[PDB]
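Rule-based calculations on the coordinates, nothing more; no lab input. FYI the Cβ positions are ideal-geometry reconstructions off the backbone, even for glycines, and counts take in every protein chain you see.
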RNA sequence: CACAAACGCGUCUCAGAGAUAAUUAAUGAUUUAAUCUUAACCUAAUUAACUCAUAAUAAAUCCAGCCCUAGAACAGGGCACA
Ligand SMILES: [Mg+2]
Ligand SMILES: [Mg+2]
Ligand SMILES: [Mg+2]
Ligand SMILES: [Mg+2]
Ligand SMILES: [Mg+2]
Ligand SMILES: [Mg+2]
Ligand SMILES: [Mg+2]
Ligand SMILES: [Mg+2]
Ligand SMILES: [Mg+2]
Ligand SMILES: [Mg+2]
Ligand SMILES: [Mg+2]
Ligand SMILES: [Mg+2]
Ligand SMILES: [Zn+2]
Ligand SMILES: [Zn+2]
């Protein structure tokens, strides 16, 4: 509380590095909280003119999940400017080409349409897998919780839980499976 | 449970039926007065694709659905569970309920894209290139409409198309 | 094939199957009864 | 300015649309489904 | 809590002439072009390359010489 | 101190050379046809530096090759320092060849025109004859307007350039500009003759670029000619390895030699 | 093993100096949360 | 004209800034802004958005106390709604009249 | 906000309505003598 | 073609992988038969596009003057053999 002016300023406006796991998580729900952190809407000292913005490192990008049939229905359209250079790539094809591109475009879309968008994007780091350089790993402060609870498979369930779950119906002995 | 066994012994084929022990229903259901299984066990409007322990009880080992005349569900819940089983199978749950093919498991393919709450088949939907404007918007359907009657603790309706 | 909006069976051997997101009236005895739902 | 009776369904004024949406029919829903109720 | 890391290493020390060894750690200098320098600054501070470019006389003259200060 | 020589693999690639384009010559084939060959003289090819695979591309390593010798008095300080540490006089054209990891050669190794054998397909990269700021008819081949039917100051104009509704011109619009001074590559050029004494390669067809220019020669990367490096010297041609002098002219099985019985049909 | 003061800084040395300054201020009683000066008529 | 329009819009802009700051400091305590505001009103604590933002920026402990009070009021209301009993009343849910 | 709760409790929809936040005198002299009354 | 060059009417070269829409069959339940499956599992025959292997550029701070097959100017390549 009783700090000098310069250290108090540094502590108040210090930058923070957050971690975000992207395995089995929806891009929209990941990148919404990502955009919140990049803007700095989680700081009571936030202001549009101030440069309050934190770094976010998103890992496990290749293992992303889309709700519904978005993998085959969602498209991304770009144009090279030249005539006949208008391309529309499906979400699955775009993910197979560049895993980072999906989350990158989601964050770019939900970031504000001002000139600060490029500045806050330059503070964003996205990695397809759990391969982060040590120089970045040494900066991480905390890891944000996953926005979606990953459901377990049948084999991931414990045997005691399986026996605890009741059998709703009784199959007949004469039937064949 | 019955099993068909075939024995080949010198140009002779023996086909025999074998009856094994089967698990039975739990002794104490919450609502014994209901004839129908789920809505006598008080699971109506409670299950989902996430609930694998309930979906896996009546399905063939190769992922197939089981006849209603054998299961006993009321028709709405039979359809709901058929949709939920399809959704779970497409999402990637139930890993051991797949046919075993020693030949096709060596030639690996592209990694399985993670998905959930998928309604249609992955190989039957064409990408939407026009996507529509604000007033006329072609939505991506998410989840089955048969699951709109599930209990909503938050109270907000489930967005089936987004 | 014939692309139609309303499909009907022209003989008792036609069968209706949902494939590739559409409906298909397929006939083996008379192949001209092959109809595809647009 | 269109006539009182037309063929193009005569897209309706917003407050009348809201009135129709409010006054849409709501069927009576029982507490327990009587199919496999006793 | 974790202990404070301390990094103290002087690899420029020479047993022959410590007078030259002392200047061996101070004679380090480098000069780059505008483009590479701005790129290095942007990469180091995690910003864009357009912030480091200078401004014209019209904007440099209109800056407040004595801005108000609180506290 | 030679680097270890690795055995040839089917997925391997070979280093190229940088020759000097002398001129054009005729060359007749045993079937009576006449081809035109271009003369590429390997004056001074030396491996300058070697860049590892992971530090260059991650798939294939890079070997840097120098061309014809130039003077020390007109090169920069850094280039002269590099050639001083290398031990060789400065080169004019310095190029990079993408090679596999098993065909790497120690820097400072010379290369000779016998690196290519008679009967092979090579790719030729060079800056074409720069015609400068040329008009649209000579640059893109557009047809002009009629010369004398009343046309006023329009005989060579490009005419319309875009469409009225667009209210702009597309980035792919063809218009007058620079023409010629750009690096082009000719693919699948057959080699008929290898002169060992003067280090000359006779490559079939035209070679992009004016005469007496530096030319980057490499193997053909076309899918039909992908695996012809098997019979060829894999690392490079070492004249000291065989301890046997090659013939002055290495000929193809179809080239009609200057010493020939004046072939007649039967 | 009892925290008496804490301080932020750009580098570790500056942070340690600031922590020492904060501990010194707390010991001497000159703190931002101290009693304001008494301006009254006794 | 722009000066007058922006003088009119300054109140709205600063109110939105205060609301954003109150949110930030609220989800920093794991509480949403609407729930925090309604449960602070239910406790008859009439602190406006400007003062709430001031407390959030300069009084972290006081703001955490306010967030804890608002949360506790929220579980009190939820328990009252679940119970549906006139007799059981929460401690902080009591209403005091004017005096 | 919170207007319906205040209306149910009996207070005004606006905290400025007839509440002690506005009806009471917001300042007084240090001696304790009453301040001049407010125009509102 | 009365310049050493330009030019055609003259000469050289022009490519591998994935991917799909319509449409065929294997296995298999709901609907223990069958049924290519907006049921899964791997499937195989498959248009044009479209991306990717591959190819080109890809050695920073000497530049007064003189040439150039390099060029509007600015730039770029040469000036040790002889
Ligand atoms: Mg009218
Ligand atoms: Mg020219
Ligand atoms: Mg003409
Ligand atoms: Mg005229
Ligand atoms: Mg004329
Ligand atoms: Mg005229
Ligand atoms: Mg326009
Ligand atoms: Mg006002
Ligand atoms: Mg069957
Ligand atoms: Mg059949
Ligand atoms: Mg490429
Ligand atoms: Mg130069
Ligand atoms: Zn039922
Ligand atoms: Zn038929």
- request: Would you be able to tell me the number of residues in region B:23-41 that are surrounded by 12 or more Cβ atoms within 10 Å (Cβ to Cβ) and under 21 Å from the mean Cα position of the chain (by Cα)?
  value: 7
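Here is a yes/no grid of residues against (1) within 14 Å of chain I (Cβ to nearest Cβ); (2) assigned to a helix (DSSP H, G or I); (3) surrounded by 15 or more Cβ atoms within 10 Å (Cβ to Cβ); (4) free of Cβ contacts under 8 Å to residues at least 12 places away in the same chain:
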{"residue": "H:3", "(1), (2), (3), (4)": "no, yes, no, yes"}
{"residue": "H:13", "(1), (2), (3), (4)": "no, yes, no, yes"}
{"residue": "H:23", "(1), (2), (3), (4)": "no, yes, yes, yes"}
{"residue": "H:26", "(1), (2), (3), (4)": "no, yes, yes, no"}
{"residue": "H:52", "(1), (2), (3), (4)": "yes, yes, yes, no"}
{"residue": "H:57", "(1), (2), (3), (4)": "no, yes, yes, no"}
{"residue": "H:66", "(1), (2), (3), (4)": "no, yes, yes, no"}
{"residue": "H:76", "(1), (2), (3), (4)": "yes, yes, yes, no"}
{"residue": "H:94", "(1), (2), (3), (4)": "yes, no, no, yes"}
message: Can you say whether residue F:189 is surrounded by 11 or more Cβ atoms within 10 Å (Cβ to Cβ), within 27 Å of residue F:213 (Cβ to Cβ) and within 16 Å of ligand 2 (Cβ to nearest atom), as far as the supplied structure shows?
response: no
- prompt: Of all the residues that make up region B:79-111, how many are in a loop (DSSP other than H, G, I, E, B) and either more than 10 Å from chain A (Cβ to nearest Cβ) or over 29 Å from residue A:87 (Cα atoms) (or both)?
  reply: 18
- prompt: Where residues in region B:139-148 are in a loop (DSSP other than H, G, I, E, B) and more than 9 Å from chain A (Cβ to nearest Cβ), which of them is nearest to residue B:91 (Cα to Cα)?
  reply: B:144
message: Need pairs with beta-carbon distance below 6 Å; first residue away from chain D (no Cβ under 14 Å) and within region B:32-51, second crowded, with 17+ Cβ neighbours inside 10 Å; sequence gap 6+ or separate chains.
response: B:47/B:54; B:49/B:84; B:49/B:87; B:49/B:88; B:50/A:151
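Conditions tested, residue by residue: (1) part of a loop (DSSP other than H, G, I, E, B); (2) in contact with a strand residue (DSSP E or B) (Cβ under 9 Å, 6 or more places away or on another chain).
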{"position": "F:7", "(1), (2)": "yes, no"}
{"position": "F:10", "(1), (2)": "yes, no"}
{"position": "F:18", "(1), (2)": "no, yes"}
{"position": "F:22", "(1), (2)": "no, yes"}
{"position": "F:26", "(1), (2)": "no, yes"}
{"position": "F:32", "(1), (2)": "yes, no"}
{"position": "F:49", "(1), (2)": "no, yes"}
{"position": "F:58", "(1), (2)": "yes, no"}
{"position": "F:80", "(1), (2)": "no, no"}
- prompt: Which residues, taken from region A:73-103, are within 24 Å of residue B:144 (Cα to Cα) and either touching a helix residue (DSSP H, G or I) at 6+ places or on another chain (Cβ under 6 Å) or surrounded by fewer than 19 Cβ atoms within 10 Å (Cβ to Cβ) (or both)?
  reply: A:74, A:75, A:91, A:92
Selection from chain D of residues that are within 16 Å of ligand 13 (Cβ to nearest atom) and more than 30 Å from residue B:39 (Cβ to Cβ): none
- request: Read through the list (1) within 9 Å of chain H (Cβ to nearest Cβ); (2) surrounded by 11 or more Cβ atoms within 10 Å (Cβ to Cβ), then give the number of the only condition that residue I:1 fails.
  value: (2)
statement: Restricting attention to region F:208-232, the residues that are surrounded by 17 or more Cβ atoms within 10 Å (Cβ to Cβ) and part of a helix (DSSP H, G or I) number exactly 1
- request: Please work out which one of (1) within 14 Å of chain H (Cβ to nearest Cβ); (2) loosely packed, with under 11 Cβ neighbours inside 10 Å is the condition residue I:17 fails and give its number.
  value: (2)
query: Can you find even one residue in region A:115-123 that is surrounded by fewer than 15 Cβ atoms within 10 Å (Cβ to Cβ) and in contact with a strand residue (DSSP E or B) (Cβ under 8 Å, 6 or more places away or on another chain)?
result: no
field: Breaking point among (1) more than 15 Å from residue B:148 (Cα to Cα); (2) in a loop (DSSP other than H, G, I, E, B), for residue B:70
entry: (2)
- prompt: If residue B:126 satisfies every condition in (1) touching a helix residue (DSSP H, G or I) at 6+ places or on another chain (Cβ under 6 Å); (2) in a loop (DSSP other than H, G, I, E, B) but one, which is the exception?
  reply: (1)
message: Condition (residue is under 23 Å from the mean Cα position of the chain (by Cα) and part of a helix (DSSP H, G or I)) applied to region A:47-65: is it met by at least one residue?
response: no
task: Can you work out which of the residues in region F:152-166 that are away from ligand 5 (no atom under 16 Å from the Cβ) and more than 15 Å from residue A:83 (Cβ to Cβ) is surrounded by the most Cβ atoms within 10 Å (Cβ to Cβ)?
output: F:158
